[PDB]
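Here the structure is laid out as structure tokens; the discussion comes afterwards.
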Amino acid sequence: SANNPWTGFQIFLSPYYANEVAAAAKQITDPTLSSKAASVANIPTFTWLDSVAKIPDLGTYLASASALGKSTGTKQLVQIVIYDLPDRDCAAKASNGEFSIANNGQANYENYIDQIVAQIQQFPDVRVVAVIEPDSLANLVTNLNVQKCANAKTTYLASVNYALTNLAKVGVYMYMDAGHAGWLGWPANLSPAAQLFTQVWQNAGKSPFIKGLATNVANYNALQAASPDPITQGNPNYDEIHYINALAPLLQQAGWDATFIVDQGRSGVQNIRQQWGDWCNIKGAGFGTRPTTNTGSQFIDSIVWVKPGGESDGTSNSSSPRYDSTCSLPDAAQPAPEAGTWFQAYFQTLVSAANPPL
Ligand SMILES: OC[C@H]1O[C@@H](O[C@H]2[C@H](O)[C@@H](O)[C@@H](O)O[C@@H]2CO)[C@H](O)[C@@H](O)[C@@H]1O
Ligand SMILES: OC[C@H]1O[C@@H](O)[C@H](O)[C@@H](O)[C@@H]1O
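As numbered in the deposited numbering, residues 82 to 439 make up the sequence shown, in order.
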């Protein structure tokens with residue numbers, strides 16, 4: 082559409098990922114692979130506000146971006162993920178978070194958003210693009226029979242609404258997480274998904290800052306598959322482009338000219354999954370298509386790297402309170418550390434298997 086949030090901005094590179102990547106690159110023994118790995122720090126990624134502890138980091142990113150804009154004569158754009166719902170990750174165990182509904186969670190989440198808003202308010206010269214709460218709304222479309230999700234539904238809807246409503250007041254451009262083609266892209270799920278997203282968009286006042294939806298976050302699907310991955314049997318929407326082409330018209334009819342961003346950060350190697358629902362630390366993945374607004378689709382504002390490759394999806398240690406058996410499947414890299422922490426061997430495979438090559 083007319084207003085792509087990326088037009089006219091330089092993306093501020095993640096300092097958090099840059100620090101992980103720089104340290105990772107010096108441990109890659111092959112010199113050629115090491116320089117390729119270090120270059121990953123110059124590829125724009127989203128930085129996750131996965132705990133309240135990350136909010137001061139956001140302040141430093143905004144302040145550094147503001148200064149860099151003035152020094153270089155540009156307008157800077159900071160890419161973040163809002164990811165701290167109470168009872169987070171309701172249909173899995175790997176990414177449970179610090180807030181719980183039974184321990185003051187909804188109010189704590191409000192305070193988390195308020196502190197984020199207070200940082201962003203100080204730097205109106207910096208644009209912010211935020212992905213809102215990966216997995217949450219998709220779980221409310223398809224997984225209401227999961228009791229943790231059912232019990233979390235009102236809290237998720239309230240909290241997501243609070244985030245959208247308040248981040249809009251400081252001009253944040255927002256893409257609500259919308260799963261991926263193997264989750265909400267099933268033709269039968271398209272309309273339930275559209276109805277929920279439209280309701281959420283209406284509840285937040287149809288703000289122009291709510292641009293649309295993010296897809297494939299922390300997943301591995303192709304944007305445009307050469308051949309349909311065998312895992313997609315039964316679903317004519319076998320890649321992200323098919324999913325988006327099928328979902329976007331439903332949003333437009335409901336009144337929302339929604340646009341999309343698509344994670345490709347771990348899509349470089351296809352055919353690594355035994356089953357479509359194998360989401361955890363998939364062995365042999367490589368970095369995918371670099372971020373770009375040259376997306377080939379009327380509905381897609383940008384290809385993006387949302388999940389930072391190298392950060393684990395979940396522990397394979399069955400003794401941890403966050404153990405999910407998806408992370409021990411024959412196609413999951415093991416042993417794997419706790420979700421969100423650095424997985425050096427996984428990062429080095431992502432570099433070596435990058436497609437296009439680094
Ligand atoms: O995409 C990552 C998230 O996957 C979630 O599981 C989905 C899965 O991706 C789909 O392929 C399909 O199997 O339905 C699942 C939902 O039950 C998972 O719950 C999340 O933790 C992942 O972040
Ligand atoms: O790596 C990005 C995100 O991945 C999630 O699976 C983890 O739970 C988060 O801690 C992390 O911020």
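Just so it is clear, CB atoms sit at the ideal spot from N, CA and C, and this is done for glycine as well.
Rounded C-alpha distance that separates residue i from residue j
i: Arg403; j: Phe93; result: 32 angstroms
i: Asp165; j: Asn85; result: 27 angstroms
i: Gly391; j: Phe341; result: 24 angstroms
i: residue 440; j: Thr141; result: Outside the shown range of the chain, which is 82 to 439, sits residue 440, and nothing can be said about it.
i: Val350; j: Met257; result: 26 angstroms
i: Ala285; j: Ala335; result: 15 angstroms
i: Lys234; j: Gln333; result: 25 angstroms
i: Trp360; j: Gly377; result: 26 angstroms
i: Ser288; j: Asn318; result: 29 angstroms
i: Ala366; j: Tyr301; result: 8 angstroms
i: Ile182; j: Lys364; result: 34 angstroms
i: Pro273; j: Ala306; result: 25 angstroms
i: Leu139; j: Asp206; result: 15 angstroms
i: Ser176; j: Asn362; result: 13 angstroms
i: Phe380; j: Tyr190; result: 31 angstroms
i: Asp394; j: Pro137; result: 24 angstroms
Near ligand 2: residue i beta-carbon under 8 angstroms from a heavy atom
i: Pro389; result: yes
i: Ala299; result: yes
i: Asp382; result: no
i: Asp258; result: no
i: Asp168; result: no
i: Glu392; result: yes
i: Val133; result: no
i: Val162; result: yes
i: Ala105; result: no
Three-state secondary structure assigned by DSSP to residue i
i: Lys292; result: strand
i: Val222; result: helix
i: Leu114; result: helix
i: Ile353; result: coil
i: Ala211; result: strand
i: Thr373; result: strand
i: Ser383; result: strand
i: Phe341; result: strand
i: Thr407; result: helix
i: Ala413; result: strand
i: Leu130; result: strand
Residue i Cβ short of 8 angstroms to ligand 1 heavy atom set
i: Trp357; result: yes
i: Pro112; result: no
i: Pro402; result: no
i: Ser176; result: yes
i: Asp412; result: no
i: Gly263; result: yes
i: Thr374; result: no
i: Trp129; result: no
i: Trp360; result: yes
i: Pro215; result: yes
i: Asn352; result: no
(message) With a threshold of 8 angstroms, are at least 3 pairs of Cβ atoms found where one atom belongs to the region 156-171 and the other to the region 187-197?
(response) At 8 angstroms Cβ cutoff, the stretches touch.
(message) At 3 residues or longer, what runs of the beta strand (DSSP E) sit wholly inside the region 229-301?
(response) Within the region 229-301, the complete beta strand (DSSP E) runs of at least 3 residues are 254-258, 291-296.
(message) Under 8 angstroms: do the region 322-332 and the region 265-274 share three or more Cβ pairs, one atom per stretch?
(response) Contact holds: three or more Cβ-Cβ distances are below 8 angstroms.
(request) Could you tell me whether the region 295-309 touches the region 245-252, using the rule of 3 or more Cβ pairs below 8 angstroms? (result) Using a C-beta cut-off of 8 angstroms, the region 295-309 makes no contact with the region 245-252, since fewer than three inter-stretch Cβ pairs fall below that distance.
(message) Give the list of continuous alpha helix (DSSP H) stretches no shorter than 4 residues that lie fully inside the region 83-110.
(response) Fully enclosed alpha helix (DSSP H) runs of 4 or longer: 96-106.
(request) Counting only runs of 3+ residues fully inside the region 142-201, write out the beta strand (DSSP E) ranges in chain order. (result) Fully enclosed beta strand (DSSP E) runs of 3 or longer: 157-163.
(message) Counting beta carbon pairs with one atom in the region 115-129 and one in the region 382-389, are three or more of them shorter than 8 angstroms?
(response) Contact holds: three or more Cβ-Cβ distances are below 8 angstroms.
(message) Would you call the region 411-426 in contact with the region 95-109, where contact means no fewer than 3 C-beta pairs closer than 8 angstroms?
(response) Touching, per the Cβ criterion.
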